[PDB]
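Below: query-v8.txt (compact mmCIF, N, CA and C atoms)
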```txt
# COMPACT_ATOMS: atom_id res chain seq x y z
N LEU A 1 134.55 144.72 123.11
CA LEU A 1 133.77 145.95 123.15
C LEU A 1 133.44 146.36 124.58
N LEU A 2 133.72 147.62 124.90
CA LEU A 2 133.41 148.14 126.23
C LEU A 2 132.13 148.97 126.20
N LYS A 3 132.11 149.99 125.36
CA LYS A 3 130.92 150.82 125.21
C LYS A 3 130.80 151.33 123.78
N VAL A 4 129.63 151.86 123.45
CA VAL A 4 129.40 152.44 122.13
C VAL A 4 129.02 153.91 122.27
N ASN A 5 129.79 154.79 121.65
CA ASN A 5 129.48 156.21 121.67
C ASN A 5 128.25 156.52 120.83
N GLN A 6 127.41 157.44 121.30
CA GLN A 6 126.23 157.87 120.56
C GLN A 6 126.64 158.57 119.27
N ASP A 7 127.90 159.00 119.22
CA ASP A 7 128.51 159.50 118.00
C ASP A 7 128.50 158.43 116.92
N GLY A 8 128.51 157.17 117.35
CA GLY A 8 128.60 156.05 116.44
C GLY A 8 129.97 155.43 116.55
N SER A 9 130.74 155.90 117.54
CA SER A 9 132.10 155.44 117.75
C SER A 9 132.15 154.14 118.54
N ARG A 10 133.34 153.55 118.62
CA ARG A 10 133.52 152.25 119.24
C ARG A 10 134.72 152.27 120.18
N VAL A 11 134.52 151.75 121.39
CA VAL A 11 135.60 151.70 122.39
C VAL A 11 136.02 150.27 122.70
N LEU A 12 137.14 149.86 122.13
CA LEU A 12 137.66 148.51 122.32
C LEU A 12 138.57 148.44 123.54
N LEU A 13 138.87 147.22 123.99
CA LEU A 13 139.73 147.02 125.14
C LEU A 13 141.16 147.44 124.81
N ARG A 14 141.54 147.29 123.55
CA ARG A 14 142.87 147.67 123.10
C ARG A 14 143.04 149.19 123.12
N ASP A 15 141.92 149.90 123.19
CA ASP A 15 141.93 151.36 123.17
C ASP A 15 142.06 151.95 124.57
N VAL A 16 142.17 151.10 125.58
CA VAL A 16 142.28 151.56 126.97
C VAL A 16 143.28 150.73 127.77
N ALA A 17 143.79 149.66 127.18
CA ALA A 17 144.69 148.77 127.89
C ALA A 17 145.56 147.95 126.94
N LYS A 18 146.81 147.74 127.33
CA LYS A 18 147.70 146.85 126.60
C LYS A 18 147.24 145.41 126.80
N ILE A 19 147.09 144.67 125.71
CA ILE A 19 146.82 143.24 125.82
C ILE A 19 148.14 142.50 125.62
N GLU A 20 148.54 141.71 126.61
CA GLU A 20 149.86 141.08 126.56
C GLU A 20 149.88 139.70 127.21
N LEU A 21 150.42 138.71 126.51
CA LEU A 21 150.61 137.39 127.09
C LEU A 21 151.71 137.45 128.13
N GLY A 22 151.33 137.62 129.39
CA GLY A 22 152.31 137.77 130.46
C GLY A 22 152.33 136.58 131.39
N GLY A 23 152.71 136.81 132.64
CA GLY A 23 152.71 135.76 133.64
C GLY A 23 151.71 136.03 134.75
N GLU A 24 151.46 135.02 135.58
CA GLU A 24 150.56 135.18 136.71
C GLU A 24 151.16 136.13 137.74
N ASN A 25 152.39 135.85 138.15
CA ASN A 25 153.12 136.74 139.06
C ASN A 25 154.53 137.04 138.56
N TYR A 26 154.98 138.27 138.76
CA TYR A 26 156.29 138.70 138.26
C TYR A 26 157.34 138.75 139.37
N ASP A 27 156.99 138.22 140.54
CA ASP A 27 157.88 138.24 141.69
C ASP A 27 159.06 137.27 141.54
N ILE A 28 158.86 136.20 140.77
CA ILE A 28 159.86 135.15 140.65
C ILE A 28 160.62 135.16 139.32
N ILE A 29 161.92 135.42 139.39
CA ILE A 29 162.81 135.39 138.24
C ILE A 29 164.00 134.48 138.54
N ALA A 30 164.27 133.52 137.65
CA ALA A 30 165.34 132.55 137.87
C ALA A 30 166.48 132.68 136.86
N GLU A 31 167.71 132.54 137.35
CA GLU A 31 168.89 132.61 136.49
C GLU A 31 169.87 131.47 136.75
N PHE A 32 170.24 130.78 135.67
CA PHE A 32 171.25 129.74 135.72
C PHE A 32 172.54 130.30 135.13
N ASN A 33 173.58 130.35 135.95
CA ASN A 33 174.86 130.94 135.56
C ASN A 33 174.71 132.35 135.00
N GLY A 34 173.72 133.08 135.51
CA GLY A 34 173.43 134.41 135.01
C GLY A 34 172.42 134.40 133.88
N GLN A 35 172.54 133.43 132.98
CA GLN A 35 171.63 133.31 131.85
C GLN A 35 170.21 133.07 132.33
N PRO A 36 169.24 133.85 131.81
CA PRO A 36 167.84 133.71 132.21
C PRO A 36 167.34 132.28 132.00
N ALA A 37 166.67 131.72 133.00
CA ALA A 37 166.21 130.34 132.93
C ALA A 37 165.05 130.09 133.88
N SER A 38 164.42 128.93 133.75
CA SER A 38 163.38 128.53 134.68
C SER A 38 163.82 127.27 135.40
N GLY A 39 162.91 126.66 136.15
CA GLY A 39 163.25 125.45 136.87
C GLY A 39 162.13 124.85 137.70
N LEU A 40 162.43 123.72 138.34
CA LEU A 40 161.48 123.03 139.19
C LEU A 40 162.14 122.62 140.50
N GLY A 41 161.65 123.18 141.61
CA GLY A 41 162.12 122.77 142.92
C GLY A 41 161.28 121.62 143.44
N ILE A 42 161.91 120.46 143.63
CA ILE A 42 161.19 119.26 144.03
C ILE A 42 161.35 118.96 145.52
N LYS A 43 160.24 119.01 146.26
CA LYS A 43 160.25 118.66 147.68
C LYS A 43 160.00 117.17 147.87
N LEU A 44 159.81 116.76 149.13
CA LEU A 44 159.66 115.35 149.46
C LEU A 44 158.48 115.12 150.39
N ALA A 45 157.57 114.24 149.99
CA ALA A 45 156.42 113.89 150.82
C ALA A 45 156.88 113.17 152.08
N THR A 46 156.32 113.55 153.22
CA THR A 46 156.67 112.93 154.49
C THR A 46 156.32 111.45 154.47
N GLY A 47 157.27 110.63 154.03
CA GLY A 47 157.04 109.21 153.87
C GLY A 47 157.71 108.65 152.63
N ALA A 48 158.94 109.11 152.38
CA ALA A 48 159.77 108.58 151.30
C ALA A 48 159.91 107.06 151.46
N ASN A 49 159.98 106.26 150.39
CA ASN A 49 160.14 106.65 148.97
C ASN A 49 161.43 107.43 148.66
N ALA A 50 162.56 106.76 148.88
CA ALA A 50 163.88 107.39 148.84
C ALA A 50 164.33 107.84 147.45
N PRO B 1 116.26 147.00 157.41
CA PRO B 1 117.40 146.21 157.88
C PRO B 1 118.38 145.85 156.76
N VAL B 2 117.88 145.76 155.53
CA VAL B 2 118.74 145.48 154.38
C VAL B 2 119.74 146.61 154.17
N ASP B 3 119.28 147.84 154.33
CA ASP B 3 120.14 149.02 154.20
C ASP B 3 121.22 149.00 155.27
N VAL B 4 120.85 148.55 156.46
CA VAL B 4 121.80 148.44 157.56
C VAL B 4 122.85 147.37 157.27
N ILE B 5 122.38 146.18 156.87
CA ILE B 5 123.24 145.08 156.48
C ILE B 5 124.27 145.52 155.44
N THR B 6 123.77 146.10 154.35
CA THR B 6 124.62 146.53 153.25
C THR B 6 125.59 147.61 153.71
N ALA B 7 125.11 148.53 154.54
CA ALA B 7 125.97 149.59 155.06
C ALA B 7 127.10 149.02 155.89
N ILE B 8 126.82 147.94 156.62
CA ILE B 8 127.84 147.25 157.40
C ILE B 8 128.85 146.56 156.48
N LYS B 9 128.35 145.83 155.49
CA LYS B 9 129.22 145.12 154.56
C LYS B 9 130.05 146.08 153.70
N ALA B 10 129.63 147.34 153.66
CA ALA B 10 130.33 148.34 152.86
C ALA B 10 131.34 149.13 153.69
N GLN B 11 130.94 149.52 154.90
CA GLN B 11 131.78 150.38 155.73
C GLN B 11 132.62 149.60 156.74
N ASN B 12 132.29 148.32 156.92
CA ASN B 12 133.10 147.43 157.76
C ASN B 12 133.65 146.27 156.95
N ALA B 13 134.73 146.52 156.21
CA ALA B 13 135.32 145.49 155.37
C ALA B 13 136.84 145.59 155.34
N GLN B 14 137.47 144.58 154.76
CA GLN B 14 138.92 144.54 154.61
C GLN B 14 139.24 144.31 153.14
N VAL B 15 139.71 145.35 152.47
CA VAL B 15 139.95 145.27 151.03
C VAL B 15 141.43 145.15 150.65
N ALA B 16 141.68 144.41 149.58
CA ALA B 16 143.03 144.25 149.05
C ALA B 16 143.32 145.39 148.10
N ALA B 17 144.40 146.14 148.36
CA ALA B 17 144.70 147.32 147.56
C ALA B 17 146.15 147.37 147.06
N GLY B 18 146.72 146.21 146.75
CA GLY B 18 148.02 146.13 146.12
C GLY B 18 149.18 146.85 146.79
N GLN B 19 150.23 147.11 146.02
CA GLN B 19 151.44 147.73 146.54
C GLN B 19 151.86 148.93 145.69
N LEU B 20 152.51 149.90 146.33
CA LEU B 20 153.09 151.03 145.62
C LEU B 20 154.29 150.55 144.82
N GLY B 21 154.12 150.43 143.51
CA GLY B 21 155.19 149.96 142.65
C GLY B 21 155.59 148.53 142.93
N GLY B 22 154.61 147.63 142.90
CA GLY B 22 154.88 146.22 143.08
C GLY B 22 155.38 145.59 141.79
N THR B 23 155.33 144.27 141.72
CA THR B 23 155.77 143.56 140.52
C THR B 23 154.62 143.41 139.53
N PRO B 24 154.88 143.71 138.24
CA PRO B 24 156.16 144.20 137.73
C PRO B 24 156.28 145.71 137.84
N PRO B 25 157.51 146.23 137.91
CA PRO B 25 157.76 147.68 137.96
C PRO B 25 158.38 148.21 136.67
N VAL B 26 158.44 149.54 136.54
CA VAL B 26 159.24 150.16 135.49
C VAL B 26 160.70 150.08 135.93
N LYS B 27 161.62 150.16 134.98
CA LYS B 27 163.04 150.09 135.31
C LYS B 27 163.43 151.24 136.23
N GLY B 28 164.23 150.94 137.25
CA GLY B 28 164.80 151.97 138.10
C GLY B 28 163.97 152.38 139.30
N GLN B 29 162.93 151.62 139.61
CA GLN B 29 162.12 151.92 140.78
C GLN B 29 162.89 151.61 142.06
N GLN B 30 162.82 152.53 143.02
CA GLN B 30 163.54 152.40 144.28
C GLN B 30 162.57 152.29 145.46
N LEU B 31 161.28 152.43 145.17
CA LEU B 31 160.26 152.38 146.21
C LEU B 31 159.26 151.24 145.99
N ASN B 32 159.21 150.32 146.95
CA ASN B 32 158.21 149.26 146.93
C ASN B 32 157.61 149.02 148.31
N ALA B 33 156.39 149.51 148.51
CA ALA B 33 155.68 149.33 149.77
C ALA B 33 154.23 148.93 149.53
N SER B 34 153.69 148.10 150.42
CA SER B 34 152.30 147.67 150.30
C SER B 34 151.36 148.84 150.58
N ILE B 35 150.11 148.71 150.15
CA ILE B 35 149.13 149.77 150.32
C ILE B 35 147.97 149.32 151.20
N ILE B 36 147.61 150.15 152.18
CA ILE B 36 146.49 149.85 153.07
C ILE B 36 145.29 150.71 152.70
N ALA B 37 144.12 150.09 152.59
CA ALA B 37 142.90 150.82 152.30
C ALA B 37 141.95 150.73 153.48
N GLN B 38 140.75 150.20 153.25
CA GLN B 38 139.79 150.00 154.33
C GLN B 38 140.16 148.76 155.14
N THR B 39 140.21 148.91 156.46
CA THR B 39 140.46 147.79 157.35
C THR B 39 139.21 147.49 158.16
N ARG B 40 139.21 146.37 158.88
CA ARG B 40 138.07 145.99 159.72
C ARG B 40 137.85 147.02 160.83
N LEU B 41 136.67 146.99 161.43
CA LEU B 41 136.38 147.85 162.58
C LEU B 41 136.67 147.09 163.87
N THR B 42 136.92 147.82 164.95
CA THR B 42 137.48 147.21 166.15
C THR B 42 136.71 147.47 167.45
N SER B 43 135.83 148.46 167.45
CA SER B 43 135.11 148.80 168.68
C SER B 43 133.63 149.06 168.45
N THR B 44 132.90 149.25 169.55
CA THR B 44 131.49 149.57 169.50
C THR B 44 131.28 150.91 168.81
N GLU B 45 132.03 151.91 169.25
CA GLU B 45 131.92 153.27 168.74
C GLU B 45 132.09 153.34 167.22
N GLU B 46 132.98 152.50 166.69
CA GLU B 46 133.24 152.48 165.25
C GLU B 46 132.03 152.04 164.45
N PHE B 47 131.33 151.02 164.94
CA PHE B 47 130.07 150.61 164.32
C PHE B 47 129.00 151.66 164.60
N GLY B 48 129.19 152.41 165.68
CA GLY B 48 128.24 153.43 166.09
C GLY B 48 128.06 154.53 165.07
N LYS B 49 129.17 155.02 164.52
CA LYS B 49 129.11 156.08 163.53
C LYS B 49 129.23 155.56 162.10
N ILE B 50 128.42 154.55 161.78
CA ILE B 50 128.31 154.06 160.41
C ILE B 50 127.22 154.83 159.68
N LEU C 1 147.73 106.90 111.85
CA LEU C 1 148.09 105.67 112.55
C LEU C 1 147.10 104.54 112.25
N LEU C 2 145.80 104.86 112.31
CA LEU C 2 144.75 103.89 112.04
C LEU C 2 144.75 103.44 110.58
N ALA C 3 145.34 104.25 109.71
CA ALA C 3 145.42 103.93 108.29
C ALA C 3 146.63 103.05 107.99
N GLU C 4 147.76 103.38 108.60
CA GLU C 4 148.98 102.60 108.41
C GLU C 4 148.90 101.25 109.13
N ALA C 5 148.10 101.19 110.18
CA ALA C 5 147.99 99.97 110.98
C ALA C 5 147.08 98.92 110.33
N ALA C 6 146.36 99.32 109.29
CA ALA C 6 145.51 98.40 108.55
C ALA C 6 146.26 97.83 107.35
N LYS C 7 147.51 98.26 107.19
CA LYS C 7 148.35 97.80 106.09
C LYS C 7 149.35 96.75 106.57
N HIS C 8 149.25 96.39 107.84
CA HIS C 8 150.05 95.30 108.41
C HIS C 8 149.16 94.25 109.08
N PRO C 9 148.34 93.54 108.29
CA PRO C 9 147.43 92.56 108.89
C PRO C 9 148.13 91.24 109.20
N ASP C 10 149.45 91.23 109.11
CA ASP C 10 150.23 90.01 109.31
C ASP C 10 150.90 89.95 110.69
N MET C 11 150.66 90.97 111.51
CA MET C 11 151.19 91.02 112.87
C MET C 11 150.44 92.05 113.71
N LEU C 12 149.22 92.36 113.28
CA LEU C 12 148.39 93.39 113.90
C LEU C 12 147.01 93.36 113.26
N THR C 13 145.96 93.51 114.06
CA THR C 13 144.60 93.49 113.52
C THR C 13 143.58 94.24 114.36
N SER C 14 142.42 94.52 113.76
CA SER C 14 141.31 95.21 114.42
C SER C 14 141.70 96.58 114.96
N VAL C 15 142.56 97.28 114.22
CA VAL C 15 143.00 98.61 114.62
C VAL C 15 141.90 99.65 114.43
N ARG C 16 141.43 100.21 115.55
CA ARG C 16 140.26 101.07 115.56
C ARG C 16 140.34 102.04 116.73
N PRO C 17 139.58 103.15 116.66
CA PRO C 17 139.47 104.01 117.84
C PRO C 17 138.42 103.43 118.78
N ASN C 18 138.39 103.89 120.03
CA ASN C 18 137.39 103.42 120.97
C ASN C 18 136.38 104.51 121.31
N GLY C 19 136.83 105.76 121.20
CA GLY C 19 135.97 106.90 121.46
C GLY C 19 134.98 107.14 120.33
N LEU C 20 134.70 108.41 120.05
CA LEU C 20 133.75 108.76 119.01
C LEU C 20 134.39 109.65 117.95
N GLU C 21 133.77 109.69 116.77
CA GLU C 21 134.27 110.52 115.68
C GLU C 21 133.53 111.85 115.69
N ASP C 22 134.09 112.84 115.00
CA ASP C 22 133.52 114.19 114.98
C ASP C 22 132.08 114.21 114.45
N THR C 23 131.23 114.97 115.13
CA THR C 23 129.82 115.10 114.76
C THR C 23 129.48 116.56 114.49
N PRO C 24 128.46 116.81 113.66
CA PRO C 24 128.03 118.18 113.40
C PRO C 24 127.57 118.89 114.67
N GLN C 25 127.84 120.19 114.76
CA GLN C 25 127.41 120.98 115.90
C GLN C 25 126.79 122.29 115.44
N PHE C 26 126.02 122.93 116.32
CA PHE C 26 125.31 124.15 115.95
C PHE C 26 125.90 125.38 116.64
N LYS C 27 126.61 126.19 115.87
CA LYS C 27 127.24 127.40 116.39
C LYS C 27 126.30 128.59 116.29
N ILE C 28 126.10 129.29 117.40
CA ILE C 28 125.28 130.49 117.43
C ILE C 28 126.14 131.70 117.76
N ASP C 29 126.46 132.50 116.75
CA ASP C 29 127.32 133.66 116.96
C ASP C 29 126.51 134.84 117.50
N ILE C 30 126.71 135.15 118.78
CA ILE C 30 126.05 136.28 119.40
C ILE C 30 126.81 137.57 119.13
N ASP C 31 126.36 138.33 118.14
CA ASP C 31 126.96 139.62 117.83
C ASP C 31 126.76 140.56 119.01
N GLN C 32 127.85 140.86 119.71
CA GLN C 32 127.81 141.68 120.91
C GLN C 32 127.36 143.11 120.63
N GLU C 33 127.91 143.71 119.58
CA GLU C 33 127.61 145.09 119.23
C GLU C 33 126.11 145.30 118.99
N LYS C 34 125.50 144.39 118.24
CA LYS C 34 124.08 144.47 117.95
C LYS C 34 123.26 144.25 119.21
N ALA C 35 123.78 143.40 120.10
CA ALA C 35 123.12 143.10 121.36
C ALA C 35 123.08 144.33 122.26
N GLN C 36 124.16 145.10 122.28
CA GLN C 36 124.20 146.34 123.05
C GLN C 36 123.36 147.42 122.38
N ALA C 37 123.41 147.46 121.05
CA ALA C 37 122.67 148.46 120.28
C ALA C 37 121.16 148.33 120.48
N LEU C 38 120.66 147.10 120.38
CA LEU C 38 119.23 146.85 120.55
C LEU C 38 118.80 147.01 122.01
N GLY C 39 119.77 147.03 122.92
CA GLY C 39 119.48 147.25 124.32
C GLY C 39 119.08 146.00 125.08
N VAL C 40 119.62 144.85 124.68
CA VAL C 40 119.38 143.61 125.41
C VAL C 40 120.60 143.24 126.23
N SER C 41 120.37 142.62 127.38
CA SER C 41 121.47 142.17 128.23
C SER C 41 122.00 140.83 127.74
N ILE C 42 123.32 140.70 127.68
CA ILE C 42 123.95 139.47 127.23
C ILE C 42 123.63 138.33 128.18
N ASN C 43 123.61 138.64 129.48
CA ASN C 43 123.21 137.67 130.49
C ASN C 43 121.81 137.13 130.21
N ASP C 44 120.89 138.01 129.83
CA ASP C 44 119.55 137.60 129.43
C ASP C 44 119.62 136.62 128.27
N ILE C 45 120.42 136.95 127.25
CA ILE C 45 120.58 136.10 126.08
C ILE C 45 121.06 134.70 126.46
N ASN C 46 122.24 134.62 127.06
CA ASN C 46 122.82 133.33 127.44
C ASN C 46 121.93 132.52 128.39
N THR C 47 121.31 133.21 129.34
CA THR C 47 120.42 132.55 130.29
C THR C 47 119.20 131.96 129.58
N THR C 48 118.56 132.76 128.73
CA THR C 48 117.41 132.28 127.96
C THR C 48 117.79 131.08 127.11
N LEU C 49 118.94 131.18 126.44
CA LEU C 49 119.39 130.12 125.54
C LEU C 49 119.66 128.81 126.28
N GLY C 50 120.44 128.89 127.35
CA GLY C 50 120.80 127.72 128.13
C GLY C 50 119.65 127.12 128.92
```
Give the structure from this file in structure tokens form.
Amino acid sequence: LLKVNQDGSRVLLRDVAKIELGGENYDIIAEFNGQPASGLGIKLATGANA
Amino acid sequence: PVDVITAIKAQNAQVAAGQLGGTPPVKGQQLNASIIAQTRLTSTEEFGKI
Amino acid sequence: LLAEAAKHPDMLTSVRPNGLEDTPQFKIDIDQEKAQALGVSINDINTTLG
């Protein structure tokens, strides 16, 4: 609920904005052989542990 | 002095104002540039005319 | 698991949890619409309660 009209009306969040399970940032998109995919880039702590 | 303090914190600030057509965009966007809003002040005179 | 593990007392025993079991709790549903209608601040409500 955002506000209530004196008319007796109701203003929901869905009535002013799309609610969508999205991502934190859309800057990063990964593709394996073209096919959409994700992944994990693993770095190395200074002090391997080879 | 509170009014002065607040006026400083309001008129001398650095705000984040996103990008023109950042991520995510609509399909076919050809323009992506950052947006500048209020920046910090740099001289005596600038604080002078607050 | 705790039920099946008590059916093999010939190679396993004293099968039990170590934590705690579910206990009754008191749910207080704060109707937001009525809270706005009556003209009370939700912050006031939660603060008073806690």
Contacts of residue 12 of chain B within 12 Å, only C-alpha atoms, excl. fewer than 5 positions in-chain, as a count of residues only: 16
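Atom CA of residue 36 of chain B lies 8.2 Å from atom CA of residue 15 of chain B.
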Return as a CSV table (one decimal) with N, CA and C atoms, in the frame of the given file the full set of residues in chain B whose backbone-based DSSP assignment is strand (DSSP E).
```csv
chain,number,residue,atom,x,y,z
B,19,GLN,N,150.2,147.1,146.0
B,19,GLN,CA,151.4,147.7,146.5
B,19,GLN,C,151.9,148.9,145.7
B,20,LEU,N,152.5,149.9,146.3
B,20,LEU,CA,153.1,151.0,145.6
B,20,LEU,C,154.3,150.6,144.8
B,33,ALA,N,156.4,149.5,148.5
B,33,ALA,CA,155.7,149.3,149.8
B,33,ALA,C,154.2,148.9,149.5
B,34,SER,N,153.7,148.1,150.4
B,34,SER,CA,152.3,147.7,150.3
B,34,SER,C,151.4,148.8,150.6
```
Test item, helix (DSSP H, G or I) assignment across segment 9-41 of chain C, answer as a PyMOL selection string: chain C and resi 32-37
Write a file of the selected residues as a PDB file, in the frame of the given file, keeping N, CA and C atoms.
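Once everything was written out, this is selection-v7.pdb:
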```
ATOM      1  N   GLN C  32     127.850 140.860 119.710  1.00  0.00           N
ATOM      2  CA  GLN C  32     127.810 141.680 120.910  1.00  0.00           C
ATOM      3  C   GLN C  32     127.360 143.110 120.630  1.00  0.00           C
ATOM      4  N   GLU C  33     127.910 143.710 119.580  1.00  0.00           N
ATOM      5  CA  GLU C  33     127.610 145.090 119.230  1.00  0.00           C
ATOM      6  C   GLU C  33     126.110 145.300 118.990  1.00  0.00           C
ATOM      7  N   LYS C  34     125.500 144.390 118.240  1.00  0.00           N
ATOM      8  CA  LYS C  34     124.080 144.470 117.950  1.00  0.00           C
ATOM      9  C   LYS C  34     123.260 144.250 119.210  1.00  0.00           C
ATOM     10  N   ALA C  35     123.780 143.400 120.100  1.00  0.00           N
ATOM     11  CA  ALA C  35     123.120 143.100 121.360  1.00  0.00           C
ATOM     12  C   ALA C  35     123.080 144.330 122.260  1.00  0.00           C
ATOM     13  N   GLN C  36     124.160 145.100 122.280  1.00  0.00           N
ATOM     14  CA  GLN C  36     124.200 146.340 123.050  1.00  0.00           C
ATOM     15  C   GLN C  36     123.360 147.420 122.380  1.00  0.00           C
ATOM     16  N   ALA C  37     123.410 147.460 121.050  1.00  0.00           N
ATOM     17  CA  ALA C  37     122.670 148.460 120.280  1.00  0.00           C
ATOM     18  C   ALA C  37     121.160 148.330 120.480  1.00  0.00           C
TER      19      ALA C  37
END
```
Exercise answer, chain B residues close to chain A, 9 Å and only C-alpha atoms, as a PyMOL selection string: chain B and resi 22-24
Atom N of residue 33 of chain C to atom C of residue 3 of chain A, straight-line distance in Å: 9.2 Å
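Our summary of the geometry notes that atom CA of residue 20 of chain C is positioned 25.2 Å from atom C of residue 50 of chain C.
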